[PDB]
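Peer 1: Dumping the structure here so I can ask a few things about it.
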Amino acid sequence: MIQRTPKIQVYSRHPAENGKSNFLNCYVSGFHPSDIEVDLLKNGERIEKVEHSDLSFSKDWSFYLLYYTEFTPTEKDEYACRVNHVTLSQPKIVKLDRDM
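One rule links them: number in our numbering = place in the sequence shown (from 1) + 381.
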């Protein structure tokens, strides 16, 4: 058996074909087992509508999840990604930093 803590990256992107739109992304990588809980947060509250959740695995059965959705950030709102996994004794919250 192997267990591996996910790496978590939180960032924003504009799709080049629709540049006025903006996406909040949580990329959760390299984890095992695949059991996992992932949410995007706006001002500490779970975002219920997350339109994309893309899961894959590599050759060594490491899992990769891109969890992302359209958002409209203001400078007062705080966004983050919250992950729980067996390797994490408490939920891990990673903020979207200003500029990312």
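Cβ atoms here follow ideal geometry from the backbone N, Cα and C, with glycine treated the same way.
May I have a chain-ordered list of the beta strand (DSSP E) segments no shorter than 3 residues that lie completely inside the region 397 to 457?
Peer 2: Taking only runs of at least 3 residues, the beta strand (DSSP E) segments lying wholly in the region 397 to 457 are 404 to 412, 418 to 423, 433 to 438 and 444 to 451.
Peer 1: Going by C-alpha to C-alpha distance, which of 451, 440, 413 and 420 sits closest to residue 396?
Peer 2: Numbered from its first residue, the sequence shown carries residue 396 at position 15. Looking at the Cα atoms, 451 is the closest of the given residues.
Peer 1: Tell me the DSSP secondary structure of residue 475 in three-state form.
Peer 2: The residue labelled residue 475 in the question sits at position 94 within the sequence shown. Note: residue 475 maps to strand in three-state DSSP.
Peer 1: Classify residue 436 as buried or exposed, calling it buried when 16 or more other Cβ atoms lie within 10 Å of its own Cβ.
Peer 2: Residue mapping note: residue 436 aligns to position 55 of the sequence shown, counting from 1. Result: exposed.
Peer 1: How should residue 464 be labelled, buried or exposed, when 16 other C-beta atoms within 10 angstroms of its C-beta is the threshold for buried?
Peer 2: Taking the first residue of the sequence shown as 1, we reach residue 464 at position 83. Buried.
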